[PDB]
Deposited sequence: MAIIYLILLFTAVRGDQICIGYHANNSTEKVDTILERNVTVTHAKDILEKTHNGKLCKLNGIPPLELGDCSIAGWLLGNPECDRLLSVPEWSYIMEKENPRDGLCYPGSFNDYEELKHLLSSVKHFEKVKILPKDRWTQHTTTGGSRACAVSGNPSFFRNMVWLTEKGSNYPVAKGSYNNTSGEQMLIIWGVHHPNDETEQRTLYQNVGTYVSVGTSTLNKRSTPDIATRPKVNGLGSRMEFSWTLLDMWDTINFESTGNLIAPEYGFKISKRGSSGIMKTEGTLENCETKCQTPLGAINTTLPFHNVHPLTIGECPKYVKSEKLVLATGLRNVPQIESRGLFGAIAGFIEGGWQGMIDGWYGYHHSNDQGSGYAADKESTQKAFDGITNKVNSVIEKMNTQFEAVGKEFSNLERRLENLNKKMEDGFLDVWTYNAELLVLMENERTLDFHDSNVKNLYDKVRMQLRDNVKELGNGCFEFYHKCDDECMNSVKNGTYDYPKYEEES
């Protein structure tokens, strides 16, 4: 009676030993990507290229050559894009807006307050900070309302959202550098910008103050945004300083996702799980490619290897058989894990025991499937956006992401160490029972050598052997 051995050099670790050589193994740690940024469940990412979401939505001219898909599953944005607010300013609840737009089932720009209908006001206001070909220009999607021939009548504009979808609408307030600038632009001095819906009520006043120049400008534009419900109306009214929308964005979501910081470009592959380094195609329970994934991914883990033993100890244990009283394995056996040798005056040979091998194999298959398929895997974004005044909130997020990282790493490491010493012991027991099963038949008619062999007292031809390996014999 003996056990299998081969040319393998695959090493695993158990709870009691390490660097233990086994005959076969399974790695349950995915660590390879494809290097490519891909579609996610068949739907592409929004490719911003060199733009920020602000620049894109406002219509920074340097963002004219963007692709713009009707639908996307996540957003590729560079870390520190180049083209954002060409006209220096700020964007209120910018991060909230990014989350909103992270994943969109349908997205269509539509004209809601046409530039031309602003008669009684100058409409061509631009600036060289938004220059296209030396010439002054402006956010393609916004209108800079300024005095007309020395007069700025109350500006009123409204829009009933009849597009049949929620609509994202953005507006701005211009903050002059000094009182003089305020006048040459708007005539009036104590101005206001007023925005209303069923939900939104807001009246801003310009904050005229002295500031350092950004892109050569001391003035600023502060943008705000809102979701106009279906069949609801938005009302703009202003005595000056209103930067009005010309367009709105029909938006229907969906499921919500996240933004991926990367320099690379979309490549036309598929994936259910994307990382900033490349896409992951795996059934394995854990990965260590990169923490900031998007999609349905394995548990990220701080391990370098998680190798599960599946075969037995390779010898060229709890039950004292394998590498025990049966000193070594048989390379000559290839039909299975456990089996017989048998020496006869009709010839020698190695014959695997198909029934106990098959059972052991079913068990190990079940173990590996348990460790792999009990793992619940849902869609997550991981990489989140936080402002400069949200350092506590950002850290709460980190402490949380790190918290799970440690839980999964420790558990996966130990699950593998514990399950490996069980597996080797399992093989040991399988052999010990095969030996005992044969011993309990032969009894007296054989001398138990002690090396796992039985020397027959009587002659045992090829017909007699088969009975022993069968369970027949007598």
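>> Numbered from 1 along the deposited sequence, what ranges are absent from the coordinates?
In response: Since the structure holds only modelled residues, the stretches it omits are 1-19, 336-340, 499-506.
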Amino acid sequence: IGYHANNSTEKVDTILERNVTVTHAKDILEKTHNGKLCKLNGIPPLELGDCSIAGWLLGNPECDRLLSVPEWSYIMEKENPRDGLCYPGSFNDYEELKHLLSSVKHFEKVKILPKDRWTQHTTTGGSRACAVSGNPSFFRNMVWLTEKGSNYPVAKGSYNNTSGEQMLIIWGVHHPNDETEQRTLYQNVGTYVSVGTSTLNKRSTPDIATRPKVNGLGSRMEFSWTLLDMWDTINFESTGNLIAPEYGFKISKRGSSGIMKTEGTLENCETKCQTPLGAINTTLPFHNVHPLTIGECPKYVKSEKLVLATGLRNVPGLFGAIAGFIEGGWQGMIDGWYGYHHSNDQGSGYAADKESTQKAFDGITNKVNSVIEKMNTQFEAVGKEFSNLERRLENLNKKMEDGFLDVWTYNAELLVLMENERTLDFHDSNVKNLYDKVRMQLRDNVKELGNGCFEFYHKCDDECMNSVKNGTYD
From here on, numbers count along this sequence of modelled residues.
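>> Tell me which stretch, 376-384 or 114-122, has the higher mean Cα B-factor listed in the entry.
In response: According to the entry, 114-122 carries the higher average C-alpha B-factor.
>> If you take the mean CA temperature factor per stretch, which one wins between 198-206 and 211-219?
In response: Stretch with the greater average CA B-factor: 211-219.
> With respect to the C-alpha temperature factors reported in the PDB entry, which of 331, 73, 397, 293 ranks highest?
Replying inline: If I rank 331, 73, 397, 293 by C-alpha B-factor, first place goes to 331.
> So among 249, 350, 300, 139, who wins on Cα B-factor in the entry?
Replying inline: Max CA B-factor in the entry, restricted to 249, 350, 300, 139: 350.
>> Ranking every modelled residue in this chain by its Cα temperature factor as given in the entry, which third contains residue 304?
In response: Ranked within chain, residue 304 CA B lands in the middle tercile.
> Which third of the chain does residue 342 land in by C-alpha B-factor: lowest, middle or highest?
Replying inline: It falls in the top third of the chain.
> Relative to the other modelled residues in the chain, which third contains the C-alpha temperature factor of residue 28: lowest, middle or highest?
Replying inline: For residue 28, the deposited C-alpha B-factor lands in the lowest third.
> Once the chain's modelled residues are ordered by C-alpha B factor and cut into thirds, is residue 60 in the lowest, middle or highest one?
Replying inline: CA B-factor rank for residue 60: middle third.
> C-alpha B factor of residue 186, ranked within the chain: lowest, middle or highest third?
Replying inline: Highest third - that is where residue 186 ends up once the chain's C-alpha B-factors are sorted.
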